[PDB]
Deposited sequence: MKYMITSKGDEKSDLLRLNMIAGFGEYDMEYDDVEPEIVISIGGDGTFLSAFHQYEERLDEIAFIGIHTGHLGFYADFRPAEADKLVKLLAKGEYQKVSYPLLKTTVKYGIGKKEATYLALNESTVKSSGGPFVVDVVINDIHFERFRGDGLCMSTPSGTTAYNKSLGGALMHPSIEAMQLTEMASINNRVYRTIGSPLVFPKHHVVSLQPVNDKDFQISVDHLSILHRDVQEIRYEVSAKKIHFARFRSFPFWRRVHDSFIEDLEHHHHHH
């Protein structure tokens, strides 16, 4: 099988990467960073997201694995001392594949599309943020605030969590929308609660006055000018994970927020 390794670029990660490559040479496994089937990320969650966006054109051909040399390592399944055992099990093909939903963002002018593994958010180019929120072509609310966040299931432990969103098991094919500091008074009104949307629903944001927005997708943040629409839907594409040990989502959540 062809494989690649992405390193956080610190010393431990580079060297762990050199050892694993050397380990893989002992199994006739071709390192190919153009068309791999297995992508290993050595670092934290930012390094893993970078690895994901490097290969966003080949998502179904690839299965990902993270190694935790970072701080939190939510998407990681392995600590550095397991790295040698990873090489072995991965070479003999003893793993099963797990798929998590992804988020499609579309931006139109007067079209760009993006895939997010954690979330996509929207803020103004500076100055007040005001958008209308249209759900399946019904006008739902006019949002005044700092911004909005739309999150995948596995993204709900991330920025979504800090905004009061719910944590969502990734077997549920959904996306979740949360507010950033909404204004609510006599004249302005938002739902307040996060909203959880099923696979077949479309949430569109439409400008009211200013048409420039700071749009983010995972760690990337781009300015879009003269925007007509930002459309959110659950993607048809999925990320595949290589699992060698049963490591349930809720245990992952527990270890990351409660203890160990």
Deposited-sequence ranges lacking C-alpha coordinates, in sequence order: 111-114, 265-272
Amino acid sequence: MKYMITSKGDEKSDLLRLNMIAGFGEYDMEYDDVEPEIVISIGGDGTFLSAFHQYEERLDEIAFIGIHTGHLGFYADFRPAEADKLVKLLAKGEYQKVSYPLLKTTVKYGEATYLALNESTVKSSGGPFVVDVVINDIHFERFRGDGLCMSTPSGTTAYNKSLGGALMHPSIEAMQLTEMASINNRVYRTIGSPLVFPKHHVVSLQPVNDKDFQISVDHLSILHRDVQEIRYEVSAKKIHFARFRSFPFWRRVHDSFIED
From here on, numbers count along this sequence of modelled residues.
Residue stretch of maximal mean CA temperature factor, 190-198 vs 65-73: 65-73
Given 88-96 and 146-154, the range whose Cα B-factors average higher in the PDB entry: 88-96
Highest recorded Cα temperature factor - choice among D218, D33, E233, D45: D33
B-factor third for the C-alpha atom of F247 within its chain: middle
Chain third (lowest, middle, highest) by recorded CA B-factor, residue given as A116: middle
Third of chain Cα B-factors occupied by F78: highest
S125 - which third its CA temperature factor falls in, relative to the rest of the chain: highest
Chain-wide C-alpha B factor ranking for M29, given as lowest, middle or highest third: highest
